[PDB]
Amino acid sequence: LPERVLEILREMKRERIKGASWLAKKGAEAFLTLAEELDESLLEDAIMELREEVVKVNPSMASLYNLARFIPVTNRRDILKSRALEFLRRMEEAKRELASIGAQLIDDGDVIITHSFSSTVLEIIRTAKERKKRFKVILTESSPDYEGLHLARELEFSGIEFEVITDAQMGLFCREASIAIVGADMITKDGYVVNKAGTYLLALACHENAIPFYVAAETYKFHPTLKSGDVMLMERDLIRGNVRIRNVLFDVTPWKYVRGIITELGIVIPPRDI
């Protein structure tokens, strides 16, 4: 693979805050750069190679798997770039339509509890505010990279009322919330939700306290064939205080704890609506 393609892949593997959305976009740019740098004579093999590499960046993200599958093995640069750009446009459209459907679900007076950082969830919240709905957000700092603090700074910029808590405090706070909205890295074929580690715990707490738990996920985050049991939960080396700490970054939440999945096509009920 060309140097510029490898740079983008390293930039992707290096990301700790931005979520699936940003990562998928970078994956697309990786294919664009490939078509712009290689000879149409080596393109087909290079594409298969890049397909494998993009998915390996984070096997817990269905968006990367769907992106790779969407890209054809072609010897034509223009077709390769066109498919990559088309996938991006589809992502953007899916996100804004989902945000609209999500903002509609939110009620005035709501106290929304969420976890980790999701570009889609942030847009749902910003759209709700734009529509003049009053509400408050409870979010977690999200260890170990604290992508949650990024969400906090975004909500602050938008003038939205929020409260930050530690991950361990989710049980104490689901109670004060009227609804839970989290994002997703993958929706399995059998309807389970793969998302940031700890999402499962929030789901359990919210169920015991009767707080509707919703998941926001564009259809490009749905894996067409992988079932919950075979999901690969990516792990990243973590050292703090000179001590090695296990760091499985993603978890799995059973559908029985999920009210519904907010998609660009409407709110779907797992697992029957698949």
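From 1 onward, residues are counted along the sequence shown.
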Taking the mean of the C-alpha B-factors per stretch from the entry, tell me the winner out of 85-93 and 155-163. 155-163
Per the PDB entry, mean CA B-factor is higher for 76-84 or 126-134, namely for 126-134
What's the residue among 27, 59, 212, 241 with the greatest CA temperature factor in the PDB record? 241
Could you look up the Cα B-factor of residue 145 in the entry and say which third of the chain it sits in: lowest, middle or highest? middle
Residue 66's Cα B-factor: lowest, middle or highest third of the chain? middle
Third of the chain, ranked by Cα B-factor, where residue 190 sits: middle
Third of the chain's Cα B-factor distribution that residue 199 belongs to, per the entry: lowest
Which third, lowest, middle or highest, does the CA B-factor of residue 249 fall in along this chain? middle
